[PDB]
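Q: Take this sequence and fold it.
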Amino acid sequence: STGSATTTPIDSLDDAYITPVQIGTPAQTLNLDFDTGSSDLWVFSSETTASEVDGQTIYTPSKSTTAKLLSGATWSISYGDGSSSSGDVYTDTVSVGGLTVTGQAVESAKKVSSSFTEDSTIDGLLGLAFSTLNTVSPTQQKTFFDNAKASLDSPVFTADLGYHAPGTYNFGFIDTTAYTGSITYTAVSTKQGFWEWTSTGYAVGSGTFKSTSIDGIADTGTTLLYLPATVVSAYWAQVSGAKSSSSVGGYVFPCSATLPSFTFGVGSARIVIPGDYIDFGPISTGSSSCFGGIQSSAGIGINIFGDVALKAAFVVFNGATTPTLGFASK
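A: Residues are numbered from 1 along each chain as shown. Please see the structure below:
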């Protein structure tokens, strides 16, 4: 089997991407944030504290003839951005772009943090990291991809995120028309539960490539590119007037600037992030100070190849017995 679904930016800055997901019978379609940095499929629901729902579409398991309470199971998650959610668990039928999993754990939110409530466009998350990170207790549950894998034509999914435009998540096949050149594959460590890999270096604009190992995670659920302070300083030094602002919480730059590209290495291959991908707009409405899309990972504890990086590539998440990651230009 295969699946193919369009993923759409939630706003003009590509702060996140939403993908429609069918849950239950009859189908209830929710727009979920596909997150290769976590492993829970959780949704706003009829059980979510009413004051914490503001415009989201909810899953109502009592209206689904295939929903079954997973007795005794609870979940609770906290994300790197400080947001969180928790609740109980149903199993139900879940379909993404024509690919159907029966008995998928659908984690129903009883509580969500303010960041989730305030974002009307995201109805929940669909985790695509390794199932070892799944938070369901006392019986850990499998991700949608893990459940689908054996049925897929090939045990892979691909992320093709757009810049200020829709893109695609495919399951079970590689669309050879979706990228240019070749796909370069690179080793993955699953020891922390993430799609963790090592970039071979970077360049700033038309500058020379610096060969250096950068361990990080491929994370579709993180907006920005978070890299070591040395790398980030070298990038922003090429933008007149750019500075790190402790008050704002990162590097800012004059909105009048033209940003240089940023290249990262994948083995001997190179992925170029155009300068415009690194512009996240005014820090506040009407400001001439703009927020940078490349930020320091210092104090995150890990480097994160988030959407800023991934959207410059066609990315293969290869879930074979020994997982790997593939990157192509597009």
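Q: Measure how buried residue 82 is and give me the count.
A: For residue 82, the neighbour count with other CB atoms under 10 Å is 9. All C-beta spots, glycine's among them, are computed from the backbone N, C-alpha and C.
Q: What segments of the stretch 201-330 of the chain are helices?
A: 229-236, 307-310 (DSSP state H, counting those that start in this stretch).
Q: Which one of the ones you listed lies nearest to residue 168?
A: helix 307-310 (12.6 Å; CB to CB).
Q: Ignoring the adjacent residues along the chain, who's closest to residue 102?
A: residue 93 (5.2 Å; CB to CB, 6 or more residues apart in numbering).
Q: again with residue 306
A: Going by CB to CB, 6+ apart, residue 306 has residue 222 as its nearest residue, at 3.4 Å.
Q: which residues touch that neighbour?
A: 37, 80, 304, 306, 307 (CB atoms under 8 Å, 6 or more residues apart in numbering).
Q: can you rerun that using 10 Å?
A: Shown in contact with residue 222 (CB atoms under 10 Å, 6 or more residues apart in numbering): 16, 35-37, 79-81, 300, 304-310.
Q: next one: residue 169
A: Applying CB under 10 Å, 6+ apart, the residues near residue 169 are 3-7, 17, 19, 34, 96-97, 126, 128, 157-161, 220, 317.
Q: For PyMOL, what selects the buried ones among these?
A: Filtering the contacts of residue 169 down to the buried ones (16 or more other CB atoms under 10 Å) takes a single PyMOL command:
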select buried, resi 3+4+5+7+17+19+34+96+97+126+128+157+158+159+160+161+220+317
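Q: Next step: the contacts of residue 169 restricted to strands.
A: Using DSSP state E, 3-7, 17, 19, 34, 96, 126, 157-160, 317 are the members of the contacts of residue 169 that sit in strands.
Q: what's the first-to-last distance across stretch 210-226?
A: Across stretch 210-226, the terminal residues are separated by 17 Å (CA to CA, to the nearest Å).
Q: quick one: buried residues of it?
A: 210, 214, 216-226.
Q: Run a quick neighbour tally on the residue nearest to residue 275 when sequence neighbours are not counted.
A: In this structure, residue 275 finds its nearest non-sequential neighbour in residue 259, 3.4 Å apart by CB to CB, 6+ apart. By the criterion of other CB under 10 Å, residue 259 has 23 neighbours.
Q: Can you give the distance of stretch 107-120 from its chain's centre?
A: Taking the mean of its C-alpha atoms, stretch 107-120 sits 17 Å from the chain's own mean (CA atoms, centre = their mean, to the nearest Å).
Q: in it, what counts as buried?
A: Neighbour-count burial for stretch 107-120 [16+ other CB under 10 Å]: 107, 108, 109, 110, 112, 113, 116, 117, 119.
Q: Surely the second one is in contact with residue 123?
A: No - look at residue 108 against residue 123 with CB atoms under 10 Å: they stay out of range, at 11.9 Å.
Q: Between those two, which contacts overlap?
A: Shared contacts of residue 108 and residue 123, counting by CB under 10 Å, 6+ apart, come down to 42, 43, 44, 45, 58, 59.
Q: Need the residues you listed in a markdown table (columns: distance to residue 329 and neighbour count).
A: What follows is the shared contacts of residue 108 and residue 123, written out as a markdown table (distance: CB to CB, whole Å; neighbours: other CB atoms under 10 Å):
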| residue | distance to residue 329 | neighbour count |
| --- | --- | --- |
| 42 | 34 | 28 |
| 43 | 35 | 27 |
| 44 | 37 | 26 |
| 45 | 40 | 27 |
| 58 | 40 | 17 |
| 59 | 38 | 29 |
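Q: before we move on, back to that, now the residue nearest to residue 275: how far from residue 183?
A: 27 Å (CB to CB, to the nearest Å).
Q: Residue 90 too?
A: 37 Å.
Q: More neighbours: which of those two?
A: residue 90 (25 against 20).
Q: For that one, list each beta-bridge partner.
A: Taking DSSP bridges as the rule, residue 90 bridges to residue 69, residue 106.
Q: wait, what's in contact with it?
A: Per CB under 10 Å, 6+ apart, neighbours of residue 90: 23-24, 43, 45, 47, 59, 61-62, 64, 66-70, 73, 104-108.
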